[PDB]
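Peer 1: Mapped onto PDB author numbering, the consecutive letters of the sequence shown carry residue numbers 1 to 92.
Backbone N, C-alpha and C define an ideal beta-carbon position, used for all residues, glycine too.
Sending over a structure as structure tokens; questions will come in a sec.
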Amino acid sequence: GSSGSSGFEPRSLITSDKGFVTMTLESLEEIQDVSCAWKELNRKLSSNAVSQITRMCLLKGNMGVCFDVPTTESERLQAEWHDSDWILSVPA
């Protein structure tokens with residue numbers, strides 16, 4: 001409802017073991033199901049690259065998605081993201 005911004009400034013962990021990385025995609029409003037996100041991603045990413053997306057789940061609030069990708073494709077994904085209203089981030 002009406003609270004202070006949820007983002008905050010949490011403590012930075014000692015990054016070391018570069019294994020996998022998680023991604024987030026914020027929506028404008030609610031969506032139908034993951035099909036919305038998948039259809040969009042398929043129109044903004046290549047079949048080859050989009051296949052790296054795993055564990056795509058609906059965020060708590062249906063206002064975006066959360067998924068995992070390799071640390072290599074993570075930068076390509078970030079650069080290839082354009083021409084869409086959705087915001088792309090990579091949290092801790």
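Once DSSP output is grouped into helix, strand and coil, what is the label at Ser-2?
Peer 2: coil
Peer 1: Tell me whether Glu-26 sits in a helix, a strand or coil according to DSSP, three-state version.
Peer 2: strand
Peer 1: Taking DSSP as the reference, what is the three-state secondary structure of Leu-59?
Peer 2: coil
Peer 1: From the DSSP output, in three-state form, read off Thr-15 for me.
Peer 2: coil
Peer 1: Does the Cβ-Cβ distance between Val-65 and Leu-59 come in under 8 Å?
Peer 2: Yes; because the gap between Cβ atoms is below 8 Å, this pair is in contact.
Peer 1: Short of 8 Å in beta carbon distance, which residues of its chain neighbour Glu-29, apart from the five on each side in sequence? Order them along the chain.
Peer 2: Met-63
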